[PDB]
Amino acid sequence: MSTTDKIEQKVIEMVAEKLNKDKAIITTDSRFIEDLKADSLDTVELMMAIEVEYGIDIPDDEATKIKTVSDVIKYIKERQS
């Protein structure tokens, strides 16, 4: 049995709290960065909430490795020690 599976279905609640994206907007290719025009000073805390929530770390280098629903579950997965 694996718990990570719950992450693939829980991600919706994550991305919804990360960039304040409504559940009716949560999409795999959610480009909130462009559509919502997520500024830099804003992404600082917005993206930070992903570290205090998941309890992991995500440097600028991997900032684009957990932005998408498929990348967040694909990265955080292998990242989860």
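As a convention, residue numbering begins from 1 on each chain and follows the written sequence, not necessarily the numbering found in the entry; residues with no coordinates do not appear. Where side-chain values are given, they derive from all heavy atoms of the structure, hydrogens and water being excluded.

This deposited entry lists solution NMR as its structure determination method.

Going by the PDB entry, the chain carries the name Acyl carrier protein and comes from Rickettsia prowazekii str. Madrid E. Per the PDB record, the entry is named "NMR structure of an acyl-carrier protein from Rickettsia prowazekii, Seattle Structural Genomics Center for Infectious Disease (SSGCID)". UniProt positions are given in the numbering used here, feature names are shortened, and annotations may be inferred rather than shown by experiment. Turning to the chain, the UniProt annotation filed under Function states: "Carrier of the growing fatty acid chain in fatty acid biosynthesis." Of the comments in the UniProt record for the chain, the one headed Sequence similarities reads "Belongs to the acyl carrier protein (ACP) family."

## What to know about the overall build of the chain
When helices and strands are tallied, the chain shows four helices and zero strands. The globule rule is 2.2 Å times the number of residues to the power 0.38, and the radius of gyration it is compared with is taken over C-alpha atoms. A compact globule built from 81 residues should have a C-alpha radius of gyration of about 12 Å, and the chain, at 12 Å, falls within 12% of that. In the chain, buried positions account for 33% of the 81 residues. Throughout, the Shrake-Rupley method with a 1.4 Å probe supplies accessible areas, and for residues the shown protein chains are the sole cover considered. Entry remark: accessible area of the chain is about 5900 Å², with carbon and sulfur atoms responsible for 49%. Residues scored as charged are limited to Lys and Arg (positive) and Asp and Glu (negative), so that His and the chain ends carry no count. For charged residues, the charge sits on one atom: NZ in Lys, CZ in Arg, CG in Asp, CD in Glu. Once the 12 positive and 19 negative side-chain charges of the chain are each reduced to a mean point, those two points are 4 Å apart. Going along the chain from the N terminus, every DSSP run of H or I of four or more residues is numbered as a helix, and every run of E of two or more is numbered as a strand. Three labels apply to residues, based on accessible area from a 1.4 Å probe with only protein chains included: buried if under 20% of the type maximum, exposed if over 50%, partly exposed otherwise in between.

## Here's the deal with helix α4 (residues 69-79)
Listed as buried for α4 are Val69, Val72, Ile73, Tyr75 and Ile76. When checking whether two residues touch, look at their non-hydrogen atoms; a contact exists if any pair is within 4.5 Å. In the core, the buried residues of α4 are packed alongside α1 (4-18) and α3 (40-54).

## Regarding α1
Side chains of residues three or four places apart in an α-helix project in the same direction, reflecting 3.6 residues per turn. Bending of α1 peaks at approximately 50° at the position of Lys10. Where α1 is concerned, the buried positions are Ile7, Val11, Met14, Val15, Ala16 and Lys18. Close packing links the buried residues of α1 with α2 (32-35), α3 and α4. Looking at the residues trailing α1, positive phi occurs at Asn20, about 50°. In this analysis the local bend is the angle between axes fitted, respectively, to the seven residues ending at and the seven residues starting at the residue.

## What about the environment of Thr28?
Within the element layout of this structure, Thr28 appears in the loop between α1 and α2. Separated by 25 residues in the primary sequence, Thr28 and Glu53 have C-alpha atoms spaced 20 Å apart. Residue contacts for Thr28: discarding those within four places in its chain leaves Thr68 and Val69. At 2.9 Å, the side chain of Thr28 forms a polar contact with the side chain of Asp29. Distance and chemistry together define a polar contact, namely a pair of N or O atoms within 3.5 Å, with one atom able to donate a hydrogen and the other to accept it when in protein, and with adjacent residues in sequence counting only for side-chain atoms on both sides.

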